[PDB]
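Numbered from 1 within each chain, the chains take letters A, B, ... in sequence-line order. Reckoned from all heavy atoms, side chains included, excluding hydrogens, waters and symmetry mates.
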Amino acid sequence: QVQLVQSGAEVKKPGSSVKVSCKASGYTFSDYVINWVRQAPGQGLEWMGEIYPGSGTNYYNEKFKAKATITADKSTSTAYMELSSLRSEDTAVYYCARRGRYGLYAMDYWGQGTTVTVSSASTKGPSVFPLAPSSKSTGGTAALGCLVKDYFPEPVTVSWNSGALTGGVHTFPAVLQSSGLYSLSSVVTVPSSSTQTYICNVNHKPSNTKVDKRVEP
Amino acid sequence: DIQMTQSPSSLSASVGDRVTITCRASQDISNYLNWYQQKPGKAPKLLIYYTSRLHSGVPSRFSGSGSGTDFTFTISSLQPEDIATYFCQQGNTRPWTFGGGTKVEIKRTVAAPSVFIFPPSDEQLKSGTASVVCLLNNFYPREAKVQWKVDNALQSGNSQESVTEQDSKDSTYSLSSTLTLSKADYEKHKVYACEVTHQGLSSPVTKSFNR
């Protein structure tokens, strides 16, 4: 199938530059245009520019032409976008998206996005704490979880039992604490079974932090 | 540039109701108009292209119409999995431009939250901090009041809330309220309680523990 896989999230210092990648698979790379689209808080979706991988021809949105440099490498089926003179306003999710074939002037397949955070703060991995099920109320439904505290930048991912437990799972959106670090909880309502084991799998890609936490009664 | 204006910016409808979203281009774009669906934290997905053509994997409850500057996107019968922000986009003239998006929400019956309280872990306490967590599970509507009580005394400024996106299956919300205290302040008191006030509750619900 058609797939566009993007590089991981990063915090970058103001004034620096970042090169984000988009690896394409499942089709002839030179036959489709690759677009770069920004999604910044309060700005909606904005088209930055596109490249024709066959000829390496770009077209930029005039708004982003000074900021972004788009390239493609045919030998590795990878498109790139380099952002220059990074400022706070560049903090956003960046997507790559393929333009369909002639007659389909639309972005038919999209990458998963790359969260670029512009800050002087250093990357910090989370501390993971258990949210143990209360020894009380055993109508059948109980709750348990994991507290994923003091990490930077976003995002963090949480799975339960290596992706086997999905029903009743609520991973809350992160809250930016006054300290400048994020925190969130991931919870699960269970029918007061424990007997079953519960393990939250925390992955913070910016710090390469991976934690498996056992939540026991 | 071609400005794309979407209407409304947000809407609420019940499961099975017809939903209509419009998009106006600042210039004639013929029929080079696409619609995308974006669920939170996920990439936009192409639903409709060239005004009315359905993309692969898209049910026919979604449709598009229009010509020139004015376009309409319709969901014939709103389903729980349709909770998302929808965007129009013109592919007529560069720079390609998007509408501001329309957030689609579901109206449903009132559902009471199930409330749970979590003491800080021993691991966290050994670090010099204590987080107390109150969970409000699967409720409707979004509006909920969480009050923290430390030894039967109201707390303020030391708590933060987070609300999930409306559930893709039952259209309810879940909320977490986190009370942050220093280990010293936490070790000073015994009773920790979260009092929940919600439409679905007959009376405020209190969940507590003794440190």
Heavy-atom cut-off 4.5 Å, strictly under: side chain, backbone, both or neither for B:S127 against chain A? neither

Could you tell me which residues in residues 40-50 of chain B have at least one non-hydrogen atom under 4.5 Å from a non-hydrogen atom of chain A, sorted by residue number? B:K42, B:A43, B:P44, B:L46, B:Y49

Okay, side chain of A:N61, backbone of B:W96: is any donor-acceptor separation there less than 3.5 Å? no

Measuring centre to centre across the rings, with the benzene-like ring taken for any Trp, is A:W110 within less than 6.0 Å of B:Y36? yes

Partners passing side-chain contact (heavy atoms from CB on, under 4.5 Å) against B:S10 (at least two apart in sequence or in another chain): B:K103

So which bits of residues 171-185 of chain B come within less than 4.5 Å of chain A, counting non-hydrogen atoms only? B:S174, B:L175, B:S176

For chain A, which residues of residues 198-211 of chain B have heavy atoms nearer than 4.5 angstrom: none

What part of B:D167 gets closer than 4.5 Å to chain A, counting heavy atoms only: side chain, backbone, both or neither? side chain

Interface moiety of B:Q38 toward chain A, non-hydrogen atoms closer than 4.5 Å: side chain

Most heavy-atom pairs under 4.5 angstrom with chain B, which of A:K136, A:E50, A:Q112, A:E46? A:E50

Under 4.5 Å from any heavy atom of chain A, what part of B:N138 do you find: side chain, backbone, both or neither? side chain

Say you draw a straight line from CD of B:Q124 to CZ of A:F129; how long is it, rounded to the nearest 0.5 Å? 4.5 Å

